[PDB]
Amino acid sequence: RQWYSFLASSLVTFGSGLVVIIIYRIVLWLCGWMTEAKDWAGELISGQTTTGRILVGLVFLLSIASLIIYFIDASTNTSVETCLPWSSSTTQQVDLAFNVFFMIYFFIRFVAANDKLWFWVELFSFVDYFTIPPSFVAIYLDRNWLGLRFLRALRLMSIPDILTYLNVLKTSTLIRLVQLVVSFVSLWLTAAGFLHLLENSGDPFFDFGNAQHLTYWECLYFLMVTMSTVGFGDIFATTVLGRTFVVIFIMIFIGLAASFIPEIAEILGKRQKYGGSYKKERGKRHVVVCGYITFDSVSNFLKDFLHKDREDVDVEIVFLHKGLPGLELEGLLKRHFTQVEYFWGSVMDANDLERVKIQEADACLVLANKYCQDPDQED
Amino acid sequence: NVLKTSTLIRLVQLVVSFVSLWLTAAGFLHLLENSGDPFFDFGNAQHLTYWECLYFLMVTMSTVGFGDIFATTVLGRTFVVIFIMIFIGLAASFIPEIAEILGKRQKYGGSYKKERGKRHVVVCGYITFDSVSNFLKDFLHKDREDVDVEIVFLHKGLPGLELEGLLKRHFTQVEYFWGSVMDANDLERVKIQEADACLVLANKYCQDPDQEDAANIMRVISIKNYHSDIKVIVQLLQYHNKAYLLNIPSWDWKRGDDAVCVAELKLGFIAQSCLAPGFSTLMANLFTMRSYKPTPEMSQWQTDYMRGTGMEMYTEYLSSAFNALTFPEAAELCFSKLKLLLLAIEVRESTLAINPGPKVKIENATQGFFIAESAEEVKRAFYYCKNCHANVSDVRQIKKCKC
Ligand SMILES: [Ca+2]
């Protein structure tokens, strides 16, 4: 019966503030509470100042704390709605303590985003519009509803902002990945919450009689087997709204087959295989070999350098080259791995010269591409 | 003729030819299952809704195939087998190609909004993470005066991830817009008439310096063509091209326009170093903002050098206490009491005098040129109230006196 009281509280919050913004714009169009506040809120929400930095990291951490309470709510009980006396459960109190802090942070933003129609419609404002009012209805009404509280899982997309404002993610590929991962974990968790709501509520067209009691975890599973286009149908949608949402969701997540899983596999595969350093034993000598390194040049070199007719000296050979070895060269290096090493790098870089311990090296050999396009450039 | 753009007609053609065919096939499958098969006197039949057929066709087009709904007439089935062979073929174009077209939009469209109190400068030409970071690091440096100028980038390309990160870190006083100073609409987007100055940066590592100069001369032409009175500061990679600019009918050196020529300056500095070895490293350090940062793990000579690199050139009005001093005793007074080195003065028409002799005396509101660790240091030469207040040796004490 009573559920619409929660959702209506969200809608009147959105609508009343929107109408206030419109009549304010219209009154101006007929016709420190100054730009200092806009700038002050700006830096805060941007981590210029240390206090801004603390506040923004703490908004991010409390967003996770509220999301975890939604997982505890979705894991426990059975129904999407129950008439719990408001004071009784500790989890419901401490979620309200996070909820008021998000409401405070909102206004702050409002100030930085300068009391504007476009701001009042930005995604994270809706996340709040739909979370803050229902938790306040739950103070007045001795009842609990899971009621779109999953939307907090969108605020987890602050991670790339937090890690770039605090500036720990240095590399372009690392920011990209983390942006891909977090924008995939959000949306996946978010859609599982929305499907869980639609199936467990049942359809309004059928007086909520047509309903299906999924857990949130079964919705996560169901969305992964449909995102991957496997589709076992052991779990499947049965409300008409649910179904719909699945039809819409498929059209979105076939579109998100551009980037995501293939592009993260690309970036995560582009790492450097032959990083790291040589370790010099006291007894062994070594020589560093660089310049033109290839399977034919290395095999012609090794075949003479380690030949059986040569004296029984125990020199290790350390290759240093600015590229990944080919399969046949990795095979050759594997066959000689007892006295041969290869490292990615260049003798043009003093860090790579330290990696190969060039000071302790007995000699350094520079090989040439005898079949180059211009002998003078190779020299 | 409402759909102007080639990409818009293409998309709308893709969308509508996907909504048709999908709706159409749902109707045909709905007919075949709900009629039943004619081979079996219509006894073999399955009562789907049209909406269940739409759903069933979407989960088979996407190749998900739950099989919660599935075809059971032999005609239905057939039609599903044919339909799969069609809609695997329509995986060429459709969903990936509409996602491409819908993704090709412009991220950094739109316009700057000018507040009355704030100044801004427009920056264009060679814009990249390294050039922008080298520019921002000096332009917003802590040792610089507490001016509140906003920086508006205008460039004909999408910023790289590291540049979007840099722009995000400075978003309180930095903006970026897609466009070119060759287009009068983009000059309006950035409100160039209200801009305090425009800076044109150069690709110093280009394939041909003369083509990079030709491109920058155009820009300067295009900016001045839009509004004459904009102060334009332009980077040139060859002196032989500077002339061209001098002819543009509105380059007015007296107004502020300037052309930093990296050739003229480079070779110049090096020349001075022939007459006084080392100078070029004196001056180059003097014209870049840098705070001193002592550390462990650094030699005595490096700490002395580093302290020196901390100093930069600044300019400030001399206080009333300097009135009628000769320049040499004013400079002595700055070094001894203020802990500032005074090189030169603006002499009132306007001219600049370097180390002028005893013949020259400080007039009221004379602007001096100083070497100091920061703008906060040089303000002592403005607040200094003579023997009325300033008689205590911790220079830090100097602050704005009562009269
Ligand atoms: Ca300094």
# chains A, B, ... in the order shown; residues from 1 in each chain; ligands from 1
call {"tool": "residues_near_ligand", "arguments": {"ligand": "ligand 1", "cutoff": "6 Å", "atoms": "only C-alpha atoms and all ligand atoms", "output": "MDAnalysis selection string"}}
result
chainID B and resid 143 289:291 310:312 373:374
call {"tool": "interface_residues", "arguments": {"of": "chain A", "to": "chain B", "cutoff": "7 Å", "atoms": "only C-alpha atoms", "output": "PyMOL selection string"}}
result
chain A and resi 42-43+164-165+172+226+229-233+247+255
call {"tool": "select_by_dssp", "arguments": {"residues": "range 59-308 of chain A", "states": "helix (DSSP H, G or I)", "output": "short mmCIF file (atom, residue, chain, number, x, y, z; two decimals) with N, CA and C atoms, in the first residue's frame"}}
result
data_model
loop_
_atom_site.label_atom_id
_atom_site.label_comp_id
_atom_site.auth_asym_id
_atom_site.auth_seq_id
_atom_site.Cartn_x
_atom_site.Cartn_y
_atom_site.Cartn_z
N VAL A 59 33.81 12.14 1.86
CA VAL A 59 32.58 11.90 1.07
C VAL A 59 32.67 10.58 0.32
N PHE A 60 33.78 10.34 -0.36
CA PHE A 60 34.02 9.09 -1.06
C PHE A 60 33.94 7.87 -0.11
N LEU A 61 34.63 7.89 1.03
CA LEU A 61 34.60 6.77 1.98
C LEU A 61 33.21 6.56 2.59
N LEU A 62 32.50 7.62 2.98
CA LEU A 62 31.14 7.46 3.51
C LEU A 62 30.16 7.00 2.43
N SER A 63 30.38 7.32 1.16
CA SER A 63 29.57 6.74 0.08
C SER A 63 29.67 5.22 0.06
N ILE A 64 30.87 4.65 0.21
CA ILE A 64 31.04 3.20 0.37
C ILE A 64 30.35 2.72 1.64
N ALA A 65 30.48 3.40 2.77
CA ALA A 65 29.83 2.95 4.00
C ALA A 65 28.30 2.86 3.85
N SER A 66 27.66 3.82 3.17
CA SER A 66 26.23 3.75 2.88
C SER A 66 25.89 2.63 1.88
N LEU A 67 26.71 2.44 0.83
CA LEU A 67 26.53 1.34 -0.11
C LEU A 67 26.61 -0.03 0.57
N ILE A 68 27.56 -0.24 1.47
CA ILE A 68 27.65 -1.48 2.24
C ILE A 68 26.38 -1.71 3.06
N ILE A 69 25.80 -0.67 3.68
CA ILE A 69 24.53 -0.83 4.39
C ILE A 69 23.41 -1.27 3.45
N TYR A 70 23.38 -0.78 2.21
CA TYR A 70 22.44 -1.29 1.21
C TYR A 70 22.68 -2.78 0.89
N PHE A 71 23.92 -3.25 0.76
CA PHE A 71 24.17 -4.69 0.59
C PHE A 71 23.71 -5.49 1.80
N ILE A 72 23.93 -5.01 3.03
CA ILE A 72 23.45 -5.69 4.23
C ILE A 72 21.93 -5.76 4.24
N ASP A 73 21.24 -4.67 3.91
CA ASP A 73 19.78 -4.65 3.76
C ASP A 73 19.30 -5.64 2.69
N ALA A 74 19.92 -5.67 1.51
CA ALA A 74 19.52 -6.55 0.42
C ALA A 74 19.84 -8.03 0.69
N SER A 75 20.90 -8.32 1.43
CA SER A 75 21.27 -9.68 1.85
C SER A 75 20.32 -10.22 2.93
N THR A 90 20.37 -0.32 14.36
CA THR A 90 21.59 0.51 14.38
C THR A 90 22.01 0.95 12.98
N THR A 91 21.97 0.02 12.02
CA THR A 91 22.27 0.26 10.60
C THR A 91 21.42 1.39 10.02
N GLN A 92 20.14 1.47 10.36
CA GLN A 92 19.28 2.55 9.87
C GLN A 92 19.65 3.92 10.47
N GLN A 93 20.12 3.96 11.73
CA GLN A 93 20.59 5.20 12.34
C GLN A 93 21.87 5.70 11.67
N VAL A 94 22.88 4.83 11.54
CA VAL A 94 24.20 5.23 11.04
C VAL A 94 24.16 5.56 9.54
N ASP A 95 23.28 4.93 8.76
CA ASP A 95 23.05 5.37 7.38
C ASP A 95 22.49 6.80 7.32
N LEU A 96 21.57 7.17 8.23
CA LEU A 96 21.08 8.54 8.31
C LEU A 96 22.22 9.52 8.65
N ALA A 97 23.16 9.13 9.51
CA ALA A 97 24.33 9.94 9.80
C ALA A 97 25.19 10.21 8.55
N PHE A 98 25.34 9.24 7.64
CA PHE A 98 26.01 9.48 6.36
C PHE A 98 25.15 10.33 5.41
N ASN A 99 23.84 10.08 5.41
CA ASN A 99 22.87 10.76 4.57
C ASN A 99 22.88 12.27 4.80
N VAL A 100 22.87 12.73 6.05
CA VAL A 100 22.95 14.17 6.34
C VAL A 100 24.27 14.78 5.88
N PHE A 101 25.38 14.06 5.95
CA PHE A 101 26.65 14.56 5.45
C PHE A 101 26.66 14.73 3.93
N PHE A 102 26.06 13.81 3.17
CA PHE A 102 25.88 14.00 1.72
C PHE A 102 25.01 15.21 1.41
N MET A 103 23.94 15.44 2.17
CA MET A 103 23.09 16.63 2.02
C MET A 103 23.89 17.93 2.24
N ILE A 104 24.74 17.97 3.27
CA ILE A 104 25.65 19.10 3.49
C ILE A 104 26.59 19.28 2.29
N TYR A 105 27.28 18.22 1.85
CA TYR A 105 28.17 18.30 0.69
C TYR A 105 27.45 18.74 -0.59
N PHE A 106 26.18 18.40 -0.70
CA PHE A 106 25.43 18.82 -1.86
C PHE A 106 25.37 20.32 -1.96
N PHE A 107 24.92 20.97 -0.89
CA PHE A 107 24.76 22.40 -0.94
C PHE A 107 26.07 23.00 -1.28
N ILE A 108 27.12 22.47 -0.70
CA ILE A 108 28.41 23.03 -0.95
C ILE A 108 28.60 23.06 -2.43
N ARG A 109 28.29 21.96 -3.09
CA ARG A 109 28.46 21.91 -4.52
C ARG A 109 27.58 22.96 -5.12
N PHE A 110 26.31 22.93 -4.77
CA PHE A 110 25.38 23.91 -5.30
C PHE A 110 26.06 25.25 -5.39
N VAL A 111 26.79 25.58 -4.35
CA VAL A 111 27.48 26.87 -4.33
C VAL A 111 28.55 26.93 -5.43
N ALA A 112 29.42 25.92 -5.54
CA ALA A 112 30.47 25.90 -6.55
C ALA A 112 29.90 25.90 -7.99
N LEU A 117 20.34 25.76 -13.26
CA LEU A 117 19.45 24.75 -13.82
C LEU A 117 20.21 23.49 -14.28
N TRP A 118 21.32 23.67 -14.99
CA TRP A 118 22.13 22.55 -15.47
C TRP A 118 22.70 21.72 -14.30
N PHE A 119 23.14 22.37 -13.22
CA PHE A 119 23.57 21.68 -12.00
C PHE A 119 22.43 20.89 -11.35
N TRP A 120 21.25 21.49 -11.22
CA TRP A 120 20.09 20.85 -10.60
C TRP A 120 19.63 19.58 -11.34
N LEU A 123 23.90 14.36 -12.88
CA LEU A 123 23.63 13.00 -12.42
C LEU A 123 23.72 12.84 -10.90
N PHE A 124 24.81 13.30 -10.28
CA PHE A 124 24.98 13.16 -8.84
C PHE A 124 23.96 13.94 -8.02
N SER A 125 23.31 14.97 -8.56
CA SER A 125 22.19 15.60 -7.87
C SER A 125 21.00 14.65 -7.78
N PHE A 126 20.65 13.93 -8.86
CA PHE A 126 19.59 12.92 -8.82
C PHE A 126 19.88 11.81 -7.82
N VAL A 127 21.13 11.33 -7.74
CA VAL A 127 21.52 10.33 -6.74
C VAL A 127 21.16 10.80 -5.33
N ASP A 128 21.27 12.09 -5.13
CA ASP A 128 20.93 12.63 -3.84
C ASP A 128 19.45 12.87 -3.73
N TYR A 129 18.84 13.36 -4.79
CA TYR A 129 17.45 13.66 -4.70
C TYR A 129 16.73 12.41 -4.31
N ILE A 132 18.24 11.11 -0.24
CA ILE A 132 18.03 11.89 0.99
C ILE A 132 16.56 11.91 1.44
N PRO A 133 15.58 12.21 0.58
CA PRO A 133 14.20 12.36 1.01
C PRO A 133 13.59 11.06 1.56
N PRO A 134 13.75 9.88 0.93
CA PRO A 134 13.22 8.64 1.49
C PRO A 134 13.77 8.28 2.87
N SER A 135 15.06 8.49 3.13
CA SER A 135 15.61 8.30 4.48
C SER A 135 15.02 9.28 5.50
N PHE A 136 14.65 10.49 5.10
CA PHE A 136 13.92 11.40 5.98
C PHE A 136 12.45 10.99 6.17
N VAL A 137 11.76 10.49 5.14
CA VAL A 137 10.43 9.86 5.32
C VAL A 137 10.51 8.71 6.32
N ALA A 138 11.59 7.92 6.30
CA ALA A 138 11.77 6.82 7.24
C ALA A 138 11.94 7.26 8.71
N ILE A 139 12.20 8.54 9.00
CA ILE A 139 12.18 9.07 10.37
C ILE A 139 10.72 9.26 10.83
N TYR A 140 9.89 9.84 9.96
CA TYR A 140 8.47 10.08 10.21
C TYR A 140 7.65 8.78 10.24
N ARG A 149 17.97 3.00 -3.07
CA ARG A 149 19.11 3.36 -2.28
C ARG A 149 20.35 2.75 -2.85
N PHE A 150 20.23 2.04 -3.95
CA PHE A 150 21.37 1.40 -4.57
C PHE A 150 22.11 2.41 -5.38
N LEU A 151 21.45 3.50 -5.66
CA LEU A 151 22.02 4.55 -6.51
C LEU A 151 23.33 5.11 -5.97
N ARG A 152 23.65 4.84 -4.71
CA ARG A 152 24.91 5.28 -4.14
C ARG A 152 26.07 4.66 -4.87
N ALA A 153 25.89 3.46 -5.35
CA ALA A 153 26.90 2.81 -6.17
C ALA A 153 27.38 3.66 -7.36
N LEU A 154 26.64 4.68 -7.81
CA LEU A 154 27.14 5.64 -8.80
C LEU A 154 28.21 6.55 -8.21
N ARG A 155 28.09 6.97 -6.95
CA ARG A 155 29.07 7.87 -6.30
C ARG A 155 30.46 7.25 -6.22
N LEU A 156 30.58 5.93 -6.30
CA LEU A 156 31.84 5.20 -6.45
C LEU A 156 32.64 5.63 -7.70
N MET A 157 32.00 6.15 -8.74
CA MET A 157 32.67 6.78 -9.90
C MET A 157 33.45 8.06 -9.56
N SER A 158 33.44 8.51 -8.31
CA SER A 158 34.36 9.55 -7.85
C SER A 158 35.81 9.07 -7.77
N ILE A 159 36.09 7.76 -7.72
CA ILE A 159 37.46 7.22 -7.61
C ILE A 159 38.47 7.91 -8.54
N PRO A 160 38.28 8.00 -9.87
CA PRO A 160 39.25 8.68 -10.73
C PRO A 160 39.42 10.17 -10.39
N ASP A 161 38.37 10.86 -9.95
CA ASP A 161 38.50 12.23 -9.46
C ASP A 161 39.36 12.26 -8.20
N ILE A 162 39.06 11.45 -7.19
CA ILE A 162 39.83 11.38 -5.94
C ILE A 162 41.30 11.07 -6.24
N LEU A 163 41.57 10.06 -7.06
CA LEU A 163 42.94 9.65 -7.37
C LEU A 163 43.68 10.59 -8.32
N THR A 164 42.99 11.50 -9.03
CA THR A 164 43.64 12.58 -9.81
C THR A 164 43.75 13.90 -9.06
N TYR A 165 42.80 14.25 -8.18
CA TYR A 165 42.93 15.40 -7.26
C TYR A 165 44.04 15.17 -6.23
N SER A 172 48.92 7.94 -17.99
CA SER A 172 47.69 8.04 -18.80
C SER A 172 46.93 6.72 -18.89
N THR A 173 47.62 5.61 -19.14
CA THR A 173 46.99 4.28 -19.18
C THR A 173 46.38 3.88 -17.84
N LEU A 174 46.96 4.27 -16.71
CA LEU A 174 46.43 3.94 -15.39
C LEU A 174 45.15 4.72 -15.07
N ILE A 175 45.10 5.96 -15.46
CA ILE A 175 43.87 6.67 -15.25
C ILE A 175 42.82 6.10 -16.16
N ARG A 176 43.20 5.67 -17.35
CA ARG A 176 42.19 5.20 -18.25
C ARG A 176 41.65 3.94 -17.70
N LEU A 177 42.50 3.04 -17.26
CA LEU A 177 42.00 1.77 -16.80
C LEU A 177 41.11 2.04 -15.65
N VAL A 178 41.61 2.68 -14.63
CA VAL A 178 40.80 2.85 -13.42
C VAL A 178 39.45 3.47 -13.75
N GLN A 179 39.41 4.43 -14.67
CA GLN A 179 38.16 4.97 -15.20
C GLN A 179 37.30 3.86 -15.82
N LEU A 180 37.86 2.99 -16.66
CA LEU A 180 37.12 1.85 -17.21
C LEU A 180 36.62 0.90 -16.12
N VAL A 181 37.48 0.44 -15.21
CA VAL A 181 37.07 -0.50 -14.16
C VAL A 181 35.95 0.08 -13.32
N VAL A 182 36.11 1.28 -12.78
CA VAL A 182 35.13 1.81 -11.84
C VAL A 182 33.81 2.10 -12.55
N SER A 183 33.84 2.64 -13.76
CA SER A 183 32.61 2.85 -14.54
C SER A 183 31.99 1.55 -15.07
N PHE A 184 32.62 0.39 -14.88
CA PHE A 184 32.03 -0.92 -15.13
C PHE A 184 31.47 -1.57 -13.86
N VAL A 185 32.09 -1.33 -12.71
CA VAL A 185 31.62 -1.86 -11.42
C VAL A 185 30.41 -1.07 -10.93
N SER A 186 30.49 0.26 -10.91
CA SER A 186 29.29 1.09 -11.04
C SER A 186 28.63 0.79 -12.38
N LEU A 187 27.36 1.13 -12.55
CA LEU A 187 26.52 0.63 -13.64
C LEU A 187 26.20 -0.87 -13.51
N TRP A 188 27.14 -1.79 -13.36
CA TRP A 188 26.80 -3.19 -13.08
C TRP A 188 26.08 -3.35 -11.74
N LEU A 189 26.66 -2.86 -10.64
CA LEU A 189 26.01 -2.85 -9.32
C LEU A 189 24.70 -2.06 -9.32
N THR A 190 24.67 -0.96 -10.05
CA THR A 190 23.52 -0.07 -10.14
C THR A 190 22.35 -0.76 -10.84
N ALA A 191 22.60 -1.36 -12.00
CA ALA A 191 21.61 -2.09 -12.75
C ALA A 191 21.11 -3.31 -11.98
N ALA A 192 21.97 -4.00 -11.23
CA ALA A 192 21.51 -5.10 -10.39
C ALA A 192 20.50 -4.62 -9.36
N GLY A 193 20.71 -3.44 -8.78
CA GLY A 193 19.77 -2.84 -7.84
C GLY A 193 18.46 -2.47 -8.50
N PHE A 194 18.51 -1.90 -9.69
CA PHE A 194 17.29 -1.53 -10.39
C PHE A 194 16.49 -2.76 -10.82
N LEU A 195 17.13 -3.80 -11.35
CA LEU A 195 16.42 -5.03 -11.71
C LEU A 195 15.84 -5.71 -10.47
N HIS A 196 16.60 -5.77 -9.38
CA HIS A 196 16.14 -6.29 -8.10
C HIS A 196 14.89 -5.56 -7.62
N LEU A 197 14.88 -4.23 -7.70
CA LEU A 197 13.69 -3.45 -7.36
C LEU A 197 12.50 -3.84 -8.23
N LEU A 198 12.65 -3.85 -9.55
CA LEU A 198 11.55 -4.08 -10.47
C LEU A 198 10.95 -5.48 -10.35
N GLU A 199 11.77 -6.51 -10.17
CA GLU A 199 11.25 -7.87 -10.02
C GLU A 199 10.64 -8.09 -8.64
N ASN A 200 11.28 -7.64 -7.57
CA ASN A 200 10.77 -7.89 -6.23
C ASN A 200 9.56 -7.01 -5.90
N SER A 201 9.42 -5.82 -6.49
CA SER A 201 8.18 -5.05 -6.32
C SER A 201 7.01 -5.72 -7.02
N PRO A 204 3.24 -2.74 -11.36
CA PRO A 204 2.11 -1.95 -10.90
C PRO A 204 0.85 -2.17 -11.75
N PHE A 205 1.00 -2.50 -13.04
CA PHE A 205 -0.11 -2.79 -13.94
C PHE A 205 -1.00 -3.94 -13.46
N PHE A 206 -0.42 -4.88 -12.72
CA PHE A 206 -1.07 -6.08 -12.22
C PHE A 206 -1.22 -6.06 -10.69
N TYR A 216 19.50 -9.75 -4.48
CA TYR A 216 20.37 -8.83 -5.21
C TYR A 216 21.53 -9.58 -5.88
N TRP A 217 22.08 -10.59 -5.22
CA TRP A 217 23.17 -11.40 -5.76
C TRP A 217 22.74 -12.19 -7.00
N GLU A 218 21.52 -12.71 -7.04
CA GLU A 218 20.99 -13.33 -8.25
C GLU A 218 20.81 -12.31 -9.37
N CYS A 219 20.48 -11.06 -9.07
CA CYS A 219 20.45 -10.02 -10.10
C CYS A 219 21.84 -9.68 -10.62
N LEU A 220 22.87 -9.61 -9.77
CA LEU A 220 24.25 -9.42 -10.22
C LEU A 220 24.70 -10.53 -11.16
N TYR A 221 24.46 -11.77 -10.76
CA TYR A 221 24.71 -12.95 -11.57
C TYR A 221 23.97 -12.87 -12.90
N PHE A 222 22.66 -12.64 -12.87
CA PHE A 222 21.85 -12.54 -14.07
C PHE A 222 22.34 -11.45 -15.03
N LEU A 223 22.73 -10.29 -14.52
CA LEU A 223 23.28 -9.25 -15.37
C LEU A 223 24.65 -9.61 -15.92
N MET A 224 25.50 -10.33 -15.21
CA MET A 224 26.77 -10.76 -15.80
C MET A 224 26.56 -11.77 -16.92
N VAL A 225 25.66 -12.75 -16.77
CA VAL A 225 25.43 -13.73 -17.83
C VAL A 225 24.69 -13.15 -19.03
N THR A 226 23.98 -12.03 -18.90
CA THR A 226 23.42 -11.29 -20.05
C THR A 226 24.40 -10.28 -20.64
N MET A 227 25.21 -9.56 -19.86
CA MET A 227 26.27 -8.69 -20.39
C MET A 227 27.24 -9.46 -21.26
N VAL A 240 6.82 -7.44 -16.47
CA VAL A 240 6.91 -6.74 -17.76
C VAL A 240 7.88 -5.57 -17.66
N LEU A 241 7.90 -4.88 -16.55
CA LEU A 241 8.84 -3.81 -16.43
C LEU A 241 10.22 -4.39 -16.41
N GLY A 242 10.39 -5.47 -15.69
CA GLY A 242 11.69 -6.09 -15.62
C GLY A 242 12.14 -6.40 -16.99
N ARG A 243 11.37 -7.20 -17.69
CA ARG A 243 11.74 -7.57 -19.02
C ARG A 243 12.18 -6.34 -19.72
N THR A 244 11.37 -5.31 -19.73
CA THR A 244 11.72 -4.13 -20.47
C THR A 244 13.09 -3.76 -20.10
N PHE A 245 13.29 -3.50 -18.83
CA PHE A 245 14.60 -3.05 -18.43
C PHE A 245 15.70 -3.94 -19.00
N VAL A 246 15.53 -5.26 -19.04
CA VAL A 246 16.50 -6.16 -19.68
C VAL A 246 16.67 -5.84 -21.16
N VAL A 247 15.60 -5.57 -21.90
CA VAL A 247 15.70 -5.22 -23.32
C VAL A 247 16.48 -3.93 -23.52
N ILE A 248 16.22 -2.90 -22.72
CA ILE A 248 16.98 -1.65 -22.75
C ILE A 248 18.43 -1.90 -22.38
N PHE A 249 18.67 -2.62 -21.30
CA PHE A 249 19.99 -2.91 -20.79
C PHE A 249 20.85 -3.65 -21.81
N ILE A 250 20.30 -4.63 -22.53
CA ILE A 250 21.01 -5.32 -23.60
C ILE A 250 21.45 -4.34 -24.68
N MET A 251 20.57 -3.45 -25.14
CA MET A 251 20.92 -2.44 -26.13
C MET A 251 22.00 -1.47 -25.63
N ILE A 252 22.05 -1.14 -24.34
CA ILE A 252 23.17 -0.39 -23.77
C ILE A 252 24.44 -1.23 -23.75
N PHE A 253 24.44 -2.41 -23.14
CA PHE A 253 25.67 -3.16 -22.90
C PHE A 253 26.23 -3.90 -24.11
N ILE A 254 25.48 -4.09 -25.19
CA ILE A 254 26.07 -4.38 -26.50
C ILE A 254 26.81 -3.15 -27.06
N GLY A 255 26.32 -1.93 -26.81
CA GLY A 255 26.99 -0.68 -27.19
C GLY A 255 28.29 -0.45 -26.41
N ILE A 261 35.83 -4.40 -21.68
CA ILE A 261 36.59 -5.67 -21.55
C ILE A 261 37.75 -5.87 -22.55
N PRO A 262 37.60 -5.70 -23.88
CA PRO A 262 38.73 -5.79 -24.80
C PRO A 262 39.79 -4.70 -24.58
N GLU A 263 39.39 -3.46 -24.30
CA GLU A 263 40.31 -2.34 -24.11
C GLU A 263 41.06 -2.42 -22.77
N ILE A 264 40.41 -2.86 -21.69
CA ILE A 264 41.13 -3.14 -20.45
C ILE A 264 42.09 -4.32 -20.60
N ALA A 265 41.73 -5.38 -21.33
CA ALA A 265 42.66 -6.47 -21.61
C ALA A 265 43.88 -5.99 -22.42
N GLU A 266 43.69 -5.11 -23.40
CA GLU A 266 44.77 -4.45 -24.13
C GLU A 266 45.71 -3.69 -23.18
N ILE A 267 45.17 -2.76 -22.40
CA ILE A 267 45.97 -1.94 -21.48
C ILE A 267 46.69 -2.80 -20.45
N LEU A 268 46.01 -3.79 -19.86
CA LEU A 268 46.60 -4.66 -18.85
C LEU A 268 47.64 -5.63 -19.44
N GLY A 269 47.57 -5.91 -20.75
CA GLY A 269 48.55 -6.71 -21.48
C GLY A 269 49.79 -5.94 -21.94
N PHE A 295 67.24 -12.37 -33.38
CA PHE A 295 67.53 -13.80 -33.27
C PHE A 295 68.77 -14.24 -34.06
N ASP A 296 68.94 -13.77 -35.29
CA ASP A 296 70.12 -14.09 -36.10
C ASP A 296 71.41 -13.50 -35.53
N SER A 297 71.43 -12.24 -35.10
CA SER A 297 72.65 -11.65 -34.54
C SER A 297 73.00 -12.27 -33.19
N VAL A 298 72.02 -12.49 -32.32
CA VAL A 298 72.24 -13.14 -31.03
C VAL A 298 72.69 -14.57 -31.23
N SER A 299 72.07 -15.35 -32.12
CA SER A 299 72.49 -16.73 -32.33
C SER A 299 73.89 -16.81 -32.92
N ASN A 300 74.25 -15.97 -33.89
CA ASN A 300 75.62 -15.93 -34.39
C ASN A 300 76.61 -15.54 -33.28
N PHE A 301 76.25 -14.62 -32.40
CA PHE A 301 77.10 -14.22 -31.29
C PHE A 301 77.25 -15.34 -30.25
N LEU A 302 76.15 -15.86 -29.71
CA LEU A 302 76.15 -16.93 -28.70
C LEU A 302 76.92 -18.16 -29.16
N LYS A 303 76.71 -18.57 -30.41
CA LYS A 303 77.31 -19.79 -30.97
C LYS A 303 78.83 -19.75 -30.94
N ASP A 304 79.43 -18.59 -31.13
CA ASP A 304 80.87 -18.40 -30.99
C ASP A 304 81.29 -18.08 -29.55
N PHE A 305 80.51 -17.27 -28.83
CA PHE A 305 80.88 -16.81 -27.50
C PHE A 305 80.87 -17.92 -26.45
#
call {"tool": "atom_distance", "arguments": {"atom1": "CA of residue 259 in chain B", "atom2": "CA of residue 219 in chain B"}}
result
13.0 Å
call {"tool": "residues_around", "arguments": {"residues": "residue 108 in chain B", "least_positions_apart": "5", "cutoff": "7 Å", "atoms": "only C-alpha atoms", "output": "JSON, numbers by chain"}}
result
{"B": [176, 177, 178]}
call {"tool": "write_last_selection", "arguments": {"atoms": "N, CA and C atoms", "output": "PDB file, in the first residue's frame"}}
result
ATOM      1  N   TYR B 176      38.961  24.972 -21.071  1.00  0.00           N
ATOM      2  CA  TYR B 176      39.373  24.547 -22.403  1.00  0.00           C
ATOM      3  C   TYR B 176      38.164  24.495 -23.323  1.00  0.00           C
ATOM      4  N   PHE B 177      38.292  24.993 -24.545  1.00  0.00           N
ATOM      5  CA  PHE B 177      37.256  24.920 -25.564  1.00  0.00           C
ATOM      6  C   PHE B 177      37.814  24.374 -26.866  1.00  0.00           C
ATOM      7  N   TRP B 178      37.054  23.489 -27.493  1.00  0.00           N
ATOM      8  CA  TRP B 178      37.304  23.059 -28.854  1.00  0.00           C
ATOM      9  C   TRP B 178      37.069  24.233 -29.794  1.00  0.00           C
TER      10      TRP B 178
END
call {"tool": "closest_residue", "arguments": {"among": "B:182, B:124, B:262, B:395", "to": "residue 225 in chain B", "atoms": "only C-alpha atoms"}}
result
B:182
call {"tool": "residues_around", "arguments": {"residues": "range 279-285 of chain B", "least_positions_apart": "5", "cutoff": "12 Å", "atoms": "only C-alpha atoms", "output": "list in words"}}
result
residues 265, 266, 267, 268, 269, 270, 271, 272, 273, 274, 290, 291, 292, 305, 306, 307, 308, 309, 310, 311, 312, 313, 371, 372 and 373 of chain B
call {"tool": "atom_distance", "arguments": {"atom1": "CA of residue 260 in chain A", "atom2": "CA of residue 105 in chain B"}}
result
19.4 Å
